[PDB]
Protein chains: 2
Amino acid sequence: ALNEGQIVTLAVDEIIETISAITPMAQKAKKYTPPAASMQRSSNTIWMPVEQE
Amino acid sequence: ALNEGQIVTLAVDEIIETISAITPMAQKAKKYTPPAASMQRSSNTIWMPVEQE
C-alpha cells in the first residue's frame, strides 16, 4: 500500500449556491430623492399637501 | 423413411432484444471531475465553499 502525506483540498472556484431571494415589493414602490442640501436644514422631512375637499 | 444426417441451426444474428432501460436521474445530475493528483492525496474528498450570508 501507499502511506503518504494527506492533504485537504478546497475548491474555491466551485461555490455551492444555496439562496435566491426575489424583491418585487421594493421594485414596485417608487424611489424619491429630495434635494440633500434642503433636507439637511429640515429635519430630513418634506411636507406634501393632500387633495383638497 | 429418410434417415439422413441431422443438423442444429442457430440464427446467430437474430438476437431477441429482451431489455430496454432508461436513465433519467443520472442524466439530470451534475458531473464533477476534480484534479486527480490532488484527489489521491486526499481521501478522494474535495471541500466546496457554500454561498456566504
# chains A, B, ... in the order shown; residues from 1 in each chain; ligands from 1

$ interface_residues --of "chain A" --to "chain B" --cutoff "7 Å" --atoms "only C-alpha atoms" --output "list in words"
residues 5, 6, 7, 8, 9, 10, 11, 12, 14, 15, 16, 17 and 18 of chain A

$ write_last_selection --atoms "N, CA and C atoms" --output "tab-separated table (two decimals), in the first residue's frame"
chain	number	residue	atom	x	y	z
A	5	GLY	N	1.71	11.65	2.85
A	5	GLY	CA	1.07	12.80	3.46
A	5	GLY	C	-0.32	13.02	2.91
A	6	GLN	N	-1.24	13.36	3.81
A	6	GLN	CA	-2.62	13.64	3.45
A	6	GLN	C	-2.80	15.15	3.34
A	7	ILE	N	-3.63	15.56	2.39
A	7	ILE	CA	-3.95	16.96	2.19
A	7	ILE	C	-5.46	17.13	2.30
A	8	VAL	N	-5.88	18.38	2.48
A	8	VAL	CA	-7.28	18.75	2.47
A	8	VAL	C	-7.46	19.79	1.38
A	9	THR	N	-8.22	19.44	0.35
A	9	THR	CA	-8.41	20.31	-0.80
A	9	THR	C	-9.72	21.06	-0.66
A	10	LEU	N	-9.72	22.31	-1.10
A	10	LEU	CA	-10.92	23.13	-1.13
A	10	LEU	C	-10.99	23.79	-2.50
A	11	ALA	N	-12.16	23.75	-3.12
A	11	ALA	CA	-12.34	24.23	-4.50
A	11	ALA	C	-13.02	25.59	-4.47
A	12	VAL	N	-12.22	26.65	-4.34
A	12	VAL	CA	-12.77	28.00	-4.21
A	12	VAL	C	-13.56	28.39	-5.45
A	14	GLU	N	-15.58	26.54	-7.33
A	14	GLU	CA	-16.93	25.98	-7.26
A	14	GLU	C	-17.57	26.38	-5.94
A	15	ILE	N	-18.58	27.23	-6.00
A	15	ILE	CA	-19.32	27.68	-4.83
A	15	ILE	C	-20.70	27.05	-4.88
A	16	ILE	N	-21.14	26.49	-3.75
A	16	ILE	CA	-22.45	25.88	-3.64
A	16	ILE	C	-23.46	27.00	-3.42
A	17	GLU	N	-24.08	27.47	-4.50
A	17	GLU	CA	-25.11	28.50	-4.41
A	17	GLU	C	-26.35	27.90	-3.77
A	18	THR	N	-26.87	28.56	-2.74
A	18	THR	CA	-27.93	27.98	-1.93
A	18	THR	C	-29.20	28.81	-1.87

$ calpha_fit_and_write --fixed "chain B" --moving "chain A" --output "PDB file with N, CA, C and O atoms, in the first residue's frame"
ATOM      1  N   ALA A   1     -39.607 -42.749 -46.606  1.00  0.00           N
ATOM      2  CA  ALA A   1     -39.212 -41.589 -45.823  1.00  0.00           C
ATOM      3  C   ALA A   1     -37.701 -41.405 -45.863  1.00  0.00           C
ATOM      4  O   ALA A   1     -36.982 -42.268 -46.351  1.00  0.00           O
ATOM      5  N   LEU A   2     -37.226 -40.277 -45.348  1.00  0.00           N
ATOM      6  CA  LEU A   2     -35.804 -39.947 -45.337  1.00  0.00           C
ATOM      7  C   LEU A   2     -35.322 -39.903 -43.893  1.00  0.00           C
ATOM      8  O   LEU A   2     -35.673 -38.988 -43.143  1.00  0.00           O
ATOM      9  N   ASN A   3     -34.519 -40.886 -43.505  1.00  0.00           N
ATOM     10  CA  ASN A   3     -33.845 -40.883 -42.215  1.00  0.00           C
ATOM     11  C   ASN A   3     -32.389 -40.510 -42.443  1.00  0.00           C
ATOM     12  O   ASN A   3     -31.697 -41.158 -43.230  1.00  0.00           O
ATOM     13  N   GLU A   4     -31.933 -39.470 -41.759  1.00  0.00           N
ATOM     14  CA  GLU A   4     -30.605 -38.929 -41.979  1.00  0.00           C
ATOM     15  C   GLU A   4     -30.103 -38.327 -40.675  1.00  0.00           C
ATOM     16  O   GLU A   4     -30.769 -38.393 -39.640  1.00  0.00           O
ATOM     17  N   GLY A   5     -28.912 -37.742 -40.733  1.00  0.00           N
ATOM     18  CA  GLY A   5     -28.370 -37.077 -39.566  1.00  0.00           C
ATOM     19  C   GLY A   5     -29.136 -35.810 -39.247  1.00  0.00           C
ATOM     20  O   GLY A   5     -29.509 -35.041 -40.132  1.00  0.00           O
ATOM     21  N   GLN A   6     -29.370 -35.594 -37.959  1.00  0.00           N
ATOM     22  CA  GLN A   6     -30.060 -34.411 -37.476  1.00  0.00           C
ATOM     23  C   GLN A   6     -29.032 -33.395 -37.011  1.00  0.00           C
ATOM     24  O   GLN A   6     -27.982 -33.765 -36.480  1.00  0.00           O
ATOM     25  N   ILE A   7     -29.325 -32.123 -37.235  1.00  0.00           N
ATOM     26  CA  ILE A   7     -28.470 -31.033 -36.805  1.00  0.00           C
ATOM     27  C   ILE A   7     -29.282 -30.110 -35.913  1.00  0.00           C
ATOM     28  O   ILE A   7     -30.513 -30.160 -35.873  1.00  0.00           O
ATOM     29  N   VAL A   8     -28.571 -29.268 -35.172  1.00  0.00           N
ATOM     30  CA  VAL A   8     -29.172 -28.215 -34.368  1.00  0.00           C
ATOM     31  C   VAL A   8     -28.588 -26.900 -34.847  1.00  0.00           C
ATOM     32  O   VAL A   8     -27.383 -26.666 -34.712  1.00  0.00           O
ATOM     33  N   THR A   9     -29.431 -26.047 -35.406  1.00  0.00           N
ATOM     34  CA  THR A   9     -28.995 -24.784 -35.975  1.00  0.00           C
ATOM     35  C   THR A   9     -29.230 -23.666 -34.974  1.00  0.00           C
ATOM     36  O   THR A   9     -30.214 -23.683 -34.231  1.00  0.00           O
ATOM     37  N   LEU A  10     -28.308 -22.712 -34.944  1.00  0.00           N
ATOM     38  CA  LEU A  10     -28.441 -21.524 -34.120  1.00  0.00           C
ATOM     39  C   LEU A  10     -28.100 -20.322 -34.985  1.00  0.00           C
ATOM     40  O   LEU A  10     -27.106 -20.346 -35.713  1.00  0.00           O
ATOM     41  N   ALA A  11     -28.931 -19.285 -34.924  1.00  0.00           N
ATOM     42  CA  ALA A  11     -28.801 -18.121 -35.804  1.00  0.00           C
ATOM     43  C   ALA A  11     -28.182 -16.969 -35.021  1.00  0.00           C
ATOM     44  O   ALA A  11     -28.882 -16.112 -34.486  1.00  0.00           O
ATOM     45  N   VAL A  12     -26.849 -16.934 -34.980  1.00  0.00           N
ATOM     46  CA  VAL A  12     -26.152 -15.924 -34.185  1.00  0.00           C
ATOM     47  C   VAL A  12     -26.462 -14.515 -34.672  1.00  0.00           C
ATOM     48  O   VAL A  12     -26.449 -13.563 -33.883  1.00  0.00           O
ATOM     49  N   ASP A  13     -26.727 -14.351 -35.971  1.00  0.00           N
ATOM     50  CA  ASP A  13     -27.027 -13.026 -36.505  1.00  0.00           C
ATOM     51  C   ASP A  13     -28.297 -12.449 -35.897  1.00  0.00           C
ATOM     52  O   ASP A  13     -28.345 -11.264 -35.550  1.00  0.00           O
ATOM     53  N   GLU A  14     -29.336 -13.264 -35.764  1.00  0.00           N
ATOM     54  CA  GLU A  14     -30.611 -12.812 -35.221  1.00  0.00           C
ATOM     55  C   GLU A  14     -30.590 -12.979 -33.709  1.00  0.00           C
ATOM     56  O   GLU A  14     -30.597 -14.104 -33.204  1.00  0.00           O
ATOM     57  N   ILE A  15     -30.578 -11.863 -32.989  1.00  0.00           N
ATOM     58  CA  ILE A  15     -30.599 -11.853 -31.532  1.00  0.00           C
ATOM     59  C   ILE A  15     -31.961 -11.354 -31.083  1.00  0.00           C
ATOM     60  O   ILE A  15     -32.468 -10.357 -31.606  1.00  0.00           O
ATOM     61  N   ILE A  16     -32.559 -12.058 -30.127  1.00  0.00           N
ATOM     62  CA  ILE A  16     -33.856 -11.679 -29.579  1.00  0.00           C
ATOM     63  C   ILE A  16     -33.609 -10.580 -28.549  1.00  0.00           C
ATOM     64  O   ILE A  16     -33.291 -10.855 -27.395  1.00  0.00           O
ATOM     65  N   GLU A  17     -33.736  -9.327 -28.973  1.00  0.00           N
ATOM     66  CA  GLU A  17     -33.589  -8.198 -28.066  1.00  0.00           C
ATOM     67  C   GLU A  17     -34.777  -8.155 -27.118  1.00  0.00           C
ATOM     68  O   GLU A  17     -35.927  -8.175 -27.563  1.00  0.00           O
ATOM     69  N   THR A  18     -34.507  -8.080 -25.820  1.00  0.00           N
ATOM     70  CA  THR A  18     -35.550  -8.244 -24.818  1.00  0.00           C
ATOM     71  C   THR A  18     -35.703  -7.061 -23.881  1.00  0.00           C
ATOM     72  O   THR A  18     -36.816  -6.779 -23.436  1.00  0.00           O
ATOM     73  N   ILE A  19     -34.625  -6.355 -23.564  1.00  0.00           N
ATOM     74  CA  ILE A  19     -34.644  -5.322 -22.541  1.00  0.00           C
ATOM     75  C   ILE A  19     -34.192  -4.006 -23.148  1.00  0.00           C
ATOM     76  O   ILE A  19     -33.305  -3.977 -24.007  1.00  0.00           O
ATOM     77  N   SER A  20     -34.831  -2.920 -22.728  1.00  0.00           N
ATOM     78  CA  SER A  20     -34.434  -1.575 -23.116  1.00  0.00           C
ATOM     79  C   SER A  20     -34.654  -0.660 -21.926  1.00  0.00           C
ATOM     80  O   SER A  20     -35.797  -0.329 -21.602  1.00  0.00           O
ATOM     81  N   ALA A  21     -33.564  -0.250 -21.287  1.00  0.00           N
ATOM     82  CA  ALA A  21     -33.615   0.556 -20.079  1.00  0.00           C
ATOM     83  C   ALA A  21     -33.231   1.997 -20.381  1.00  0.00           C
ATOM     84  O   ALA A  21     -32.313   2.257 -21.163  1.00  0.00           O
ATOM     85  N   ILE A  22     -33.941   2.927 -19.752  1.00  0.00           N
ATOM     86  CA  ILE A  22     -33.673   4.352 -19.876  1.00  0.00           C
ATOM     87  C   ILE A  22     -33.026   4.830 -18.585  1.00  0.00           C
ATOM     88  O   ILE A  22     -33.307   4.317 -17.499  1.00  0.00           O
ATOM     89  N   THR A  23     -32.140   5.814 -18.711  1.00  0.00           N
ATOM     90  CA  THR A  23     -31.369   6.338 -17.584  1.00  0.00           C
ATOM     91  C   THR A  23     -31.443   7.859 -17.572  1.00  0.00           C
ATOM     92  O   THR A  23     -30.463   8.540 -17.891  1.00  0.00           O
ATOM     93  N   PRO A  24     -32.594   8.429 -17.196  1.00  0.00           N
ATOM     94  CA  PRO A  24     -32.738   9.890 -17.244  1.00  0.00           C
ATOM     95  C   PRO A  24     -32.125  10.617 -16.054  1.00  0.00           C
ATOM     96  O   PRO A  24     -31.595  11.722 -16.205  1.00  0.00           O
ATOM     97  N   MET A  25     -32.203  10.020 -14.865  1.00  0.00           N
ATOM     98  CA  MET A  25     -31.710  10.694 -13.668  1.00  0.00           C
ATOM     99  C   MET A  25     -30.203  10.890 -13.728  1.00  0.00           C
ATOM    100  O   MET A  25     -29.689  11.944 -13.337  1.00  0.00           O
ATOM    101  N   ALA A  26     -29.475   9.886 -14.215  1.00  0.00           N
ATOM    102  CA  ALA A  26     -28.029  10.025 -14.331  1.00  0.00           C
ATOM    103  C   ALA A  26     -27.646  10.987 -15.449  1.00  0.00           C
ATOM    104  O   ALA A  26     -26.536  11.526 -15.447  1.00  0.00           O
ATOM    105  N   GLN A  27     -28.539  11.204 -16.416  1.00  0.00           N
ATOM    106  CA  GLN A  27     -28.284  12.213 -17.437  1.00  0.00           C
ATOM    107  C   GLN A  27     -28.554  13.619 -16.923  1.00  0.00           C
ATOM    108  O   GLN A  27     -27.886  14.568 -17.345  1.00  0.00           O
ATOM    109  N   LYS A  28     -29.533  13.782 -16.036  1.00  0.00           N
ATOM    110  CA  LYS A  28     -29.824  15.111 -15.509  1.00  0.00           C
ATOM    111  C   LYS A  28     -28.769  15.548 -14.501  1.00  0.00           C
ATOM    112  O   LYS A  28     -28.329  16.702 -14.520  1.00  0.00           O
ATOM    113  N   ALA A  29     -28.353  14.643 -13.618  1.00  0.00           N
ATOM    114  CA  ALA A  29     -27.343  14.976 -12.625  1.00  0.00           C
ATOM    115  C   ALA A  29     -26.017  15.280 -13.303  1.00  0.00           C
ATOM    116  O   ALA A  29     -25.599  14.582 -14.229  1.00  0.00           O
ATOM    117  N   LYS A  30     -25.358  16.333 -12.835  1.00  0.00           N
ATOM    118  CA  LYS A  30     -24.136  16.814 -13.454  1.00  0.00           C
ATOM    119  C   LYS A  30     -22.946  15.944 -13.074  1.00  0.00           C
ATOM    120  O   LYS A  30     -22.933  15.271 -12.043  1.00  0.00           O
ATOM    121  N   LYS A  31     -21.927  15.979 -13.926  1.00  0.00           N
ATOM    122  CA  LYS A  31     -20.705  15.212 -13.738  1.00  0.00           C
ATOM    123  C   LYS A  31     -19.556  16.179 -13.509  1.00  0.00           C
ATOM    124  O   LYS A  31     -19.425  17.171 -14.230  1.00  0.00           O
ATOM    125  N   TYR A  32     -18.734  15.899 -12.501  1.00  0.00           N
ATOM    126  CA  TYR A  32     -17.554  16.700 -12.220  1.00  0.00           C
ATOM    127  C   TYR A  32     -16.358  15.794 -11.996  1.00  0.00           C
ATOM    128  O   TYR A  32     -16.478  14.732 -11.382  1.00  0.00           O
ATOM    129  N   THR A  33     -15.206  16.221 -12.504  1.00  0.00           N
ATOM    130  CA  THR A  33     -13.950  15.489 -12.371  1.00  0.00           C
ATOM    131  C   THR A  33     -12.894  16.435 -11.827  1.00  0.00           C
ATOM    132  O   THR A  33     -12.220  17.139 -12.589  1.00  0.00           O
ATOM    133  N   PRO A  34     -12.731  16.488 -10.508  1.00  0.00           N
ATOM    134  CA  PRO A  34     -11.666  17.299  -9.939  1.00  0.00           C
ATOM    135  C   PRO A  34     -10.313  16.759 -10.351  1.00  0.00           C
ATOM    136  O   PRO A  34     -10.186  15.575 -10.716  1.00  0.00           O
ATOM    137  N   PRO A  35      -9.275  17.594 -10.336  1.00  0.00           N
ATOM    138  CA  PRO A  35      -7.950  17.131 -10.774  1.00  0.00           C
ATOM    139  C   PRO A  35      -7.487  15.914  -9.986  1.00  0.00           C
ATOM    140  O   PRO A  35      -7.487  15.910  -8.755  1.00  0.00           O
ATOM    141  N   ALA A  36      -7.079  14.878 -10.723  1.00  0.00           N
ATOM    142  CA  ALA A  36      -6.765  13.595 -10.108  1.00  0.00           C
ATOM    143  C   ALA A  36      -5.528  13.667  -9.225  1.00  0.00           C
ATOM    144  O   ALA A  36      -5.468  12.994  -8.190  1.00  0.00           O
ATOM    145  N   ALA A  37      -4.532  14.463  -9.617  1.00  0.00           N
ATOM    146  CA  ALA A  37      -3.297  14.527  -8.848  1.00  0.00           C
ATOM    147  C   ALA A  37      -3.541  15.085  -7.455  1.00  0.00           C
ATOM    148  O   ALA A  37      -2.974  14.592  -6.475  1.00  0.00           O
ATOM    149  N   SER A  38      -4.377  16.115  -7.344  1.00  0.00           N
ATOM    150  CA  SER A  38      -4.722  16.621  -6.024  1.00  0.00           C
ATOM    151  C   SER A  38      -5.656  15.674  -5.289  1.00  0.00           C
ATOM    152  O   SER A  38      -5.582  15.572  -4.063  1.00  0.00           O
ATOM    153  N   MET A  39      -6.528  14.970  -6.015  1.00  0.00           N
ATOM    154  CA  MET A  39      -7.433  14.022  -5.377  1.00  0.00           C
ATOM    155  C   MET A  39      -6.678  12.899  -4.696  1.00  0.00           C
ATOM    156  O   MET A  39      -7.095  12.429  -3.636  1.00  0.00           O
ATOM    157  N   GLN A  40      -5.582  12.445  -5.298  1.00  0.00           N
ATOM    158  CA  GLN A  40      -4.819  11.346  -4.721  1.00  0.00           C
ATOM    159  C   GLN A  40      -4.252  11.710  -3.353  1.00  0.00           C
ATOM    160  O   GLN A  40      -4.278  10.893  -2.430  1.00  0.00           O
ATOM    161  N   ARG A  41      -3.740  12.933  -3.201  1.00  0.00           N
ATOM    162  CA  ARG A  41      -3.138  13.339  -1.937  1.00  0.00           C
ATOM    163  C   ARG A  41      -4.191  13.634  -0.880  1.00  0.00           C
ATOM    164  O   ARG A  41      -3.976  13.361   0.303  1.00  0.00           O
ATOM    165  N   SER A  42      -5.320  14.202  -1.276  1.00  0.00           N
ATOM    166  CA  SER A  42      -6.468  14.221  -0.389  1.00  0.00           C
ATOM    167  C   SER A  42      -7.094  12.830  -0.346  1.00  0.00           C
ATOM    168  O   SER A  42      -6.701  11.922  -1.078  1.00  0.00           O
ATOM    169  N   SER A  43      -8.056  12.638   0.545  1.00  0.00           N
ATOM    170  CA  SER A  43      -8.650  11.311   0.624  1.00  0.00           C
ATOM    171  C   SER A  43      -9.786  11.186  -0.377  1.00  0.00           C
ATOM    172  O   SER A  43     -10.887  10.757  -0.024  1.00  0.00           O
ATOM    173  N   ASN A  44      -9.509  11.536  -1.631  1.00  0.00           N
ATOM    174  CA  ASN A  44     -10.526  11.635  -2.671  1.00  0.00           C
ATOM    175  C   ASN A  44     -11.670  12.541  -2.233  1.00  0.00           C
ATOM    176  O   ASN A  44     -12.843  12.205  -2.379  1.00  0.00           O
ATOM    177  N   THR A  45     -11.331  13.700  -1.679  1.00  0.00           N
ATOM    178  CA  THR A  45     -12.321  14.597  -1.103  1.00  0.00           C
ATOM    179  C   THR A  45     -12.073  16.029  -1.550  1.00  0.00           C
ATOM    180  O   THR A  45     -10.925  16.463  -1.659  1.00  0.00           O
ATOM    181  N   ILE A  46     -13.153  16.757  -1.826  1.00  0.00           N
ATOM    182  CA  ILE A  46     -13.094  18.196  -2.039  1.00  0.00           C
ATOM    183  C   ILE A  46     -14.047  18.814  -1.033  1.00  0.00           C
ATOM    184  O   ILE A  46     -15.078  18.227  -0.701  1.00  0.00           O
ATOM    185  N   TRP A  47     -13.708  19.994  -0.539  1.00  0.00           N
ATOM    186  CA  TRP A  47     -14.603  20.748   0.320  1.00  0.00           C
ATOM    187  C   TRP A  47     -15.121  21.953  -0.443  1.00  0.00           C
ATOM    188  O   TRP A  47     -14.349  22.650  -1.104  1.00  0.00           O
ATOM    189  N   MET A  48     -16.430  22.164  -0.394  1.00  0.00           N
ATOM    190  CA  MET A  48     -16.973  23.355  -1.002  1.00  0.00           C
ATOM    191  C   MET A  48     -17.633  24.219   0.058  1.00  0.00           C
ATOM    192  O   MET A  48     -18.322  23.696   0.934  1.00  0.00           O
ATOM    193  N   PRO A  49     -17.434  25.529   0.015  1.00  0.00           N
ATOM    194  CA  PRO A  49     -18.140  26.409   0.945  1.00  0.00           C
ATOM    195  C   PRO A  49     -19.627  26.489   0.646  1.00  0.00           C
ATOM    196  O   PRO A  49     -20.073  26.339  -0.491  1.00  0.00           O
ATOM    197  N   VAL A  50     -20.395  26.719   1.698  1.00  0.00           N
ATOM    198  CA  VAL A  50     -21.828  26.954   1.615  1.00  0.00           C
ATOM    199  C   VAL A  50     -22.052  28.457   1.619  1.00  0.00           C
ATOM    200  O   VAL A  50     -21.256  29.206   2.193  1.00  0.00           O
ATOM    201  N   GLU A  51     -23.120  28.899   0.962  1.00  0.00           N
ATOM    202  CA  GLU A  51     -23.477  30.311   0.962  1.00  0.00           C
ATOM    203  C   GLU A  51     -23.619  30.834   2.383  1.00  0.00           C
ATOM    204  O   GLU A  51     -24.253  30.205   3.231  1.00  0.00           O
ATOM    205  N   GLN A  52     -23.031  31.998   2.627  1.00  0.00           N
ATOM    206  CA  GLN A  52     -22.916  32.524   3.976  1.00  0.00           C
ATOM    207  C   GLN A  52     -24.199  33.227   4.398  1.00  0.00           C
ATOM    208  O   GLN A  52     -24.899  33.825   3.578  1.00  0.00           O
ATOM    209  N   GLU A  53     -24.520  33.129   5.686  1.00  0.00           N
ATOM    210  CA  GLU A  53     -25.722  33.717   6.260  1.00  0.00           C
ATOM    211  C   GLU A  53     -25.325  34.625   7.412  1.00  0.00           C
ATOM    212  O   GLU A  53     -24.523  34.233   8.264  1.00  0.00           O
TER     213      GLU A  53
END

$ select_by_dssp --residues "chain A" --states "helix (DSSP H, G or I)" --output "number ranges by chain"
A: 24-28, 36-41

$ decode --residues "chain A" --atoms "C-alpha atoms" --output "short mmCIF file (atom, residue, chain, number, x, y, z; two decimals), in the first residue's frame"
data_model
loop_
_atom_site.label_atom_id
_atom_site.label_comp_id
_atom_site.auth_asym_id
_atom_site.auth_seq_id
_atom_site.Cartn_x
_atom_site.Cartn_y
_atom_site.Cartn_z
CA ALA A 1 0.00 0.00 0.00
CA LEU A 2 0.94 3.69 -0.24
CA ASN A 3 1.19 5.64 3.01
CA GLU A 4 1.96 9.30 2.37
CA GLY A 5 1.07 12.80 3.46
CA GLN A 6 -2.62 13.64 3.45
CA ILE A 7 -3.95 16.96 2.19
CA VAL A 8 -7.28 18.75 2.47
CA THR A 9 -8.41 20.31 -0.80
CA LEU A 10 -10.92 23.13 -1.13
CA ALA A 11 -12.34 24.23 -4.50
CA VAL A 12 -12.77 28.00 -4.21
CA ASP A 13 -13.90 28.22 -7.85
CA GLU A 14 -16.93 25.98 -7.26
CA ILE A 15 -19.32 27.68 -4.83
CA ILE A 16 -22.45 25.88 -3.64
CA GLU A 17 -25.11 28.50 -4.41
CA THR A 18 -27.93 27.98 -1.93
CA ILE A 19 -30.22 31.01 -1.69
CA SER A 20 -32.03 33.09 -4.30
CA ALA A 21 -34.29 35.85 -3.00
CA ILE A 22 -36.68 37.99 -5.04
CA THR A 23 -37.54 41.59 -4.12
CA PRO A 24 -40.69 42.62 -6.02
CA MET A 25 -42.29 44.98 -3.49
CA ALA A 26 -39.24 47.23 -3.31
CA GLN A 27 -39.16 47.28 -7.11
CA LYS A 28 -42.81 48.32 -7.37
CA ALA A 29 -42.59 51.05 -4.72
CA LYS A 30 -41.25 54.28 -6.16
CA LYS A 31 -37.98 55.94 -5.15
CA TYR A 32 -37.62 59.67 -4.49
CA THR A 33 -34.55 61.71 -3.58
CA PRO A 34 -35.39 65.24 -2.45
CA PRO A 35 -32.52 67.74 -2.69
CA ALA A 36 -30.00 66.88 0.01
CA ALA A 37 -28.98 70.46 0.81
CA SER A 38 -32.53 71.42 1.75
CA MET A 39 -33.02 68.08 3.53
CA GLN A 40 -30.10 68.80 5.85
CA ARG A 41 -31.61 72.07 7.11
CA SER A 42 -35.00 70.49 7.55
CA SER A 43 -35.16 67.50 9.85
CA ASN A 44 -34.90 65.21 6.82
CA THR A 45 -38.58 65.98 6.21
CA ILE A 46 -40.74 67.10 3.30
CA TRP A 47 -44.39 68.10 3.60
CA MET A 48 -46.78 67.32 0.80
CA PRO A 49 -50.30 68.74 0.51
CA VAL A 50 -53.29 66.41 0.40
CA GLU A 51 -56.00 66.82 -2.23
CA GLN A 52 -58.46 69.42 -1.01
CA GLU A 53 -62.08 68.64 -0.11
#
